[PDB]
């Protein structure tokens, strides 16, 4: 079971998607990290440059990691378990339509799922859990972590 042995973790957004403003992309990402912080001892801090523990980027098809994206729909993004280098990093398929509405696909909810992986969680069979393998829209305005997900990070950290 891999976990971070440090509690303040830095993150960096390496590039952006044109469908959303830079401010909307930063808001989506920020809020997704907050979901996990309120249920664990982790604190996330944004750096504008340099080496972050968690790199976030929008890539297309082959992008250097041996797990190529597949164009519109299908796989939306992926993330690496806690660790050095690529460890903890999160990639989003630049070919998807990214939104901040109920329309396919809501960047905040997909980001919240990937960050679960960056922190060490695996998929859940509970269809109501954020860590479930298939994407499903749920209201986001005052969204909070499902109980199955809370049990999950609490079991790793505390």
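Numbering follows the first chain given and starts at 1.
Here the stretch with the larger average CA B-factor, out of 40-48 and 87-95, is 40-48.
On average the C-alpha atoms of 139-147 have higher B-factors than those of the other stretch, with 8-16 and 139-147 being the two compared.
Across 57, 121, 103, 29, the greatest Cα temperature factor reported in the deposited entry is at 103. Residue-level temperature factors show residue 68 in the middle third of its chain, judged at the C-alpha atom. In this PDB entry, the Cα temperature factor of residue 62 sits in the middle third of its chain's modelled residues. When the modelled residues of the chain are ordered by C-alpha B-factor, residue 53 sits in the middle third.
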